[PDB]
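Novice: got an experimental structure here, sequence first:
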Amino acid sequence: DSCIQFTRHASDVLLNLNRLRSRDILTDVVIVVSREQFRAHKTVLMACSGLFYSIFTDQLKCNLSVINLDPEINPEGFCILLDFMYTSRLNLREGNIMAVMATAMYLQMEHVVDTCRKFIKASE
Amino acid sequence: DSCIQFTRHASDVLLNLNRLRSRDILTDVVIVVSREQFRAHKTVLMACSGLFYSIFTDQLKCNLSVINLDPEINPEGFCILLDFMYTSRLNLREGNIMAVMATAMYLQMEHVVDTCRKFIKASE
Amino acid sequence: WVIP
Amino acid sequence: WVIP
Ligand SMILES: O=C1Cc2cc(Nc3ncncc3Cl)ccc2N1
Ligand SMILES: O=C1Cc2cc(Nc3ncncc3Cl)ccc2N1
Ligand SMILES: [Cl-]
Ligand SMILES: [Cl-]
């Protein structure tokens, strides 16, 4: 087509979605991790994670207001990944890299799994 | 902080939100324009438009599944703006620029209003 | 704004 | 990935 494109549009949209999350506006699901609860928007979770995409396209699960993650999932690793989904920023540290990678593998967040693998290979 | 950032994350999120819109997945509102109906996600509309932000933060309107726009709003101008919200791409043409600018002013989409003003000033 |  |  002959469209023009606003370079900062996608980043501005994500920033506003994160502001709605912070203020708990239109959040439609609670993710339960080892008795730690995280409120979010189903559509953002689906846009970022192959696991949430599969969960919320399921005819029965699409209607659930609570999702319980596998007990092996670490709440801090989840929290870091949830922050990444809404900001593009990943708080990756020596002390959390193993939990973050295991959580990203479970959530099916391929780009996060890739950078964790590379950061681990650099330390060996 | 000491975060790393994935450059393409925001664009990938928006692309996936547009794919959900195309497949009518988790759309939670119908926008009615001169008897033309557009399905969308309330959160994306709020992230892009000052008007939708004000509508869906209102305690009564946040719960509506149908929103009727002012009868002066042109469906094509709305359609072009809805596409912009989900893609960052604006199909701005000599034949639609007046309708697009009037719709962007009503929807409170300041960056769109700005480029329309500039494109009109160049033609005078 | 840019030409994509 | 970049340093923001
Ligand atoms: O690593 C990843 C990130 C990711 C996101 C999604 N999401 C969607 N895919 C396609 N159309 C719509 C949506 Cl919402 C699916 C798989 C994966 N895998
Ligand atoms: O031009 C524009 C675009 C736009 C978007 C919004 N959205 C939000 N603002 C702040 N926190 C959350 C959200 Cl969702 C408000 C005003 C305007 N004005
Ligand atoms: Cl990812
Ligand atoms: Cl805008």
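Specialist: Okay, I see it. Numbers count the residues shown, from 1 in each chain, chains lettered A, B, ... in the order given. Ligands and ions are numbered 1, 2, ... in the order given.
Novice: helices along chain A, start to end?
Specialist: Along chain A, the stretches classed as helices by DSSP state H are A:9-22, A:42-48, A:50-56, A:75-87, A:97-107, A:110-123.
Novice: in the first one, what's buried?
Specialist: Along helix A:9-22, the positions that meet the burial threshold by neighbour count (16 or more other CB atoms under 10 Å in any protein chain shown) are A:9-14, A:16-18, A:20-21. For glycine as for every other residue, the C-beta is placed from the backbone atoms N, C-alpha and C.
Novice: quick one on the thing from earlier: deepest-packed of the helices of chain A, please.
Specialist: helix A:42-48 (a mean of 24; mean count of other CB atoms under 10 Å in any protein chain shown).
Novice: check whether that helix contacts chain B.
Specialist: Yes. Remark: helix A:42-48 sits within contact range of chain B at A:42-44, A:46-48, by CB under 8 Å from any CB of the partner chain.
Novice: what does that helix rub up against?
Specialist: Helix A:42-48 is touched from outside by A:17, A:21, A:28-29, A:31, A:52-53, A:56-57, A:62, A:84-86, A:107, A:109, B:12-14, B:16-17, B:20, B:25-26, B:41, B:43-44, with contacts defined as CB atoms under 8 Å, 6 or more residues apart in numbering or on different chains.
Novice: could you redo the last one with a cut-off of 7 Å?
Specialist: The contact list for helix A:42-48, computed with CB atoms under 7 Å, 6 or more residues apart in numbering or on different chains, reads A:17, A:28-29, A:52-53, A:56, A:85-86, A:109, B:13, B:16-17, B:20, B:26, B:41, B:43.
Novice: now the residue in chain A that chain D sits nearest to: closest residue in space, sequence neighbours ignored.
Specialist: Nearest residue of chain A to chain D: residue A:115, at 5.2 Å (CB to the nearest CB). The shortest distance from residue A:115 to any non-neighbouring residue, by CB to CB, 6 or more residues apart in numbering or on different chains, is to residue D:1 (5.2 Å).
Novice: just residue A:105 next, same as before
Specialist: Leaving aside its sequence neighbours, residue A:105 sits nearest to residue A:113 (CB to CB, 6+ apart; 5.5 Å).
Novice: cool, residue A:108 as well?
Specialist: Leaving aside its sequence neighbours, residue A:108 sits nearest to residue A:50 (CB to CB, 6+ apart; 2.8 Å).
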